[PDB]
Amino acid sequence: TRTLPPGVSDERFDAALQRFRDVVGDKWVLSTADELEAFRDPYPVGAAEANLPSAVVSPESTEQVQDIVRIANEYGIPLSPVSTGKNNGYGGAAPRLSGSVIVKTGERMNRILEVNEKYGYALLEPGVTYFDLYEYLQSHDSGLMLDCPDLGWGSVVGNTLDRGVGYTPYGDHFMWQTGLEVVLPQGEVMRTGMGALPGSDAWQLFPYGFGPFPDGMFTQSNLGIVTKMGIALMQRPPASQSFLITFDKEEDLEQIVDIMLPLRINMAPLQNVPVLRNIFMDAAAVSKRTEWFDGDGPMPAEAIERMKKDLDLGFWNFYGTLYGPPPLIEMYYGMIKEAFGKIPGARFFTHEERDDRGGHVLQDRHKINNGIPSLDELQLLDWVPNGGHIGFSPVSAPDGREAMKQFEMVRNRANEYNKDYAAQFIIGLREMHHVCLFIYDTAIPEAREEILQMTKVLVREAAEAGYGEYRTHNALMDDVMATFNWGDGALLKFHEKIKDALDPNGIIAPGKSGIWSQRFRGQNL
């Protein structure tokens, strides 16, 4: 069965494809089953096929994006914009609504438009990856550093548009975004902030401009197709030092988090975004499950102890990085050792003190925390055959008790559905993103189904407990949006009203973040 936009005939679709090829050129429109396989979710969730694209269109310019959008409006064809389309764990490039055309802006709009050394920023097209920006900065001998997520192959822009995160002091990517250019759902182009002022040099200097401040509305959003974005870049410090603290017990989570808060809330002595990773996360980065346990079920405790002993890691492993002149690093490290050294069984290691296998994660963090992009974390996906993951990502207060409750709630469903729970707390000033990655064999229909059902349960149970997700998978966007329903779904109704006003024909990424335009509401898509 050929994949078709909803309500659009074989004939009408064929004509639209031709219109698209007129805009972007023949090579840059894909529509055959073989070509579209590469744009399916690499880590499919649920037994049944879902999230099927009808085509991929690769524009080279904003003008072409505007014409594509105009064509889509005429035919009623949905358009799902992506940058590099590496949102793996949340759907990959795949559209929320089957039958949508992917607009893969980053294939050809991949220019670094500006890196400004004096004011420390970049103006970027969506195709710029973190590796690309890294190469630029190195080549020019920049005094700037980037902030990258765990995997460097994504888009500086794309990641920011999903409010993704890295681990330097610039880790909150949307916080550092300054200025954007967007194609709105009927094809009009708009610049935000000081970019709305012709001839301004301040587009990447002052984010707000004048009047209502809208850039946030284009994040986790279906209100347009972004074609340019600025981002502030931090100055590279003179020196840095990373460290690991291993903690022996599952139960240490509470005290680790409680001790952490006062050292983090003022951005010193914990300067970077610390990560607190469980043994499953760290073992999966350097080893296969079968090294520790052959068995269909939850890993017994003795296999867990062997993981820890062989990798010389704790159940909970805390990684951080310090920056500045060497005497500042030594003061801050001293404080960190003193505070966390109050937990029995804690041991400390700098990035100069491990050369073993279990220390590979530390060396990888030391790269990432210094703005050096890496793909070593891809090795997690070799944990089991045909490995995929999904991200269940609740927000947590920086409170040890809350963090333990979340860990216990997630652990228990993980056990019930037979899926390993790899945990990574990403610690902001006043909150943590509690990222729960579930690694599974994507070829087994039953495992894909258990992933879906387990995660649907976790979203509901976490919400009954007062926790919501910061970000989620295509498969869960409706369920997650249904949890933010204070005042009888006030927030959703507001988003629908705006959606319907800007997108009267229901073209752009319908269903993103549970937000469906009028023509799609009330349906089972």
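Numbers follow the displayed sequence, beginning with 1.
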When the Cα temperature factors in the entry are averaged, is it 176-184 or 362-370 that ends up higher? 362-370
Look over 499-507 and 21-29 in the entry and identify the one with the greater average Cα temperature factor. 21-29
Kindly indicate the residue among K118, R96, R306, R430 with the greatest C-alpha B-factor in the PDB record. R306
Which one, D162, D132, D399, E353, has the peak C-alpha temperature factor per the PDB entry? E353
Determine, from the deposited record, the chain-internal third of the Cα B-factor for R264: lowest, middle or highest. lowest
So, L492's CA B-factor, relative to its chain, sits in which third? The lowest
Splitting the chain's C-alpha B-factors into thirds, which one does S54 fall into? highest
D201 CA temperature factor, ranked by third within the chain: middle
How does the C-alpha B factor of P298 compare with the rest of the chain: lowest, middle or highest third? highest
